[PDB]
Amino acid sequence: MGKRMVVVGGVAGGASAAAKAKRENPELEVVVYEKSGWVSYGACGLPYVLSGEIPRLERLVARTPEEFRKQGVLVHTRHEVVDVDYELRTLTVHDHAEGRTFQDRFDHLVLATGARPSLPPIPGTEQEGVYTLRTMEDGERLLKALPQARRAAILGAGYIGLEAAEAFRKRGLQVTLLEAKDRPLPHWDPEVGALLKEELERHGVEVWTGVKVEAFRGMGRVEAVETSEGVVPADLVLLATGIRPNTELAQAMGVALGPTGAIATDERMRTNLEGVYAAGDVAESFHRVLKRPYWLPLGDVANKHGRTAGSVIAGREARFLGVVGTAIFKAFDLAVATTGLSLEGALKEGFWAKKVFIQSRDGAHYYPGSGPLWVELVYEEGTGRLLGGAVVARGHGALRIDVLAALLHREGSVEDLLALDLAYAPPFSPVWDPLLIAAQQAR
């Protein structure tokens, strides 16, 4: 028809959804209500702004509320949707401006409220040089504190967090990372974690492994971090201890949560309620190797979510077919790419799973400047089915991970990876592509 789409949250799933919806069916009244007062910005670039590589923080926005308006889309920042009157039956949508508070109705609802820092229960968190990195505001805050170094503490060695320490080190602070688990990037096989310790340490970052963080010392300021392994002086600390999906609002209106705790969806991004979709980080995506719902709070998947809901509302045929887990991030001079399951995890799932980890180059043995390039392959013993792999490079690609993800997608195997006709030339690959050498091929 010519109905009214309301998008709650407009960072990435939300923005995505609204832009595509309005493009595909211009007859729709498309409204976005955004709590944070910036909308359509890539958080994924925050470390690069902090580090100073990117001059001003506004350089992260993809579309401004102006451009949106100029394109049929009305966005309202610093608007919080407080209640939804659902089913029940759409009055729905009470929300709060600056000054006021009011009512709206919808015919289509997109929930794209995202996710918020999960905080470990530590005394002192509440204080003053303790920071989080997740929004534009966090950006501003952190960015103010940064000149005037002097010494930083990052709890958690996940992708953000490792990303963080680069940023920090580039700003001159002395940084020290505290992770609770035994390696950096604990969510993945230890080889990789190893490589990253080395590179962290190579660059001046101190890395405490297996640390229980007891509390943050300060009189409302902060200066310490007392830990089981001693006491780290620090005058800024960052919590990079994971996220959790913002589902409070969804549960108000009785939208069903899946096993992971994010909003349960179908291939159309629909929730359990007629006319209500979910998209981005408050959403479950379906994992194709695991063959079940799974949480994958990445930027690319938020965009896919959004675009499918939009498309579907706009009355196009569109379906989101699931994810396989592929991720990549940059810590210093390493580029770390994983996908699927790790061997650790392929085993939790009960496969009879072996891993292989090799180290090759990113160019012919003889070619100037050719780096190192490792690739892992996690596979099912009997069949040979791929289930996971990583590749790490210096390279602004490799990225070669994309192939694995490809093979993962349909249920490919090590035999298949072996058959592939890859690209060879002295600047970019040895004669046998790392992926190929890793295939069966060397133990």
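One rule holds for the numbers: they count along the sequence shown, beginning at 1.
Once the C-alpha B-factors are averaged per stretch, 163-171 and 89-97 rank with 89-97 first.
In this entry, 63-71 shows the higher mean Cα temperature factor of the pair 63-71 and 414-422.
Residue-level inspection of the entry shows that, of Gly254, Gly325, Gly345, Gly322, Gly254 has the top Cα B-factor.
Annotation for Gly275, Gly363, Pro120, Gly306: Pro120 ranks highest, by Cα B-factor. In the deposited entry, the Cα temperature factor of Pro233 places it in the highest third of its chain's modelled residues.
When the modelled residues of the chain are ordered by C-alpha B-factor, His396 sits in the highest third. Among the modelled residues of its chain, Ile243 has a C-alpha B-factor that falls in the middle third, as given in the PDB entry. Split the chain's modelled residues into thirds by C-alpha temperature factor. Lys355 is in the lowest one.
When the modelled residues of the chain are ordered by their C-alpha B factor, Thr338 lands in the lowest third.
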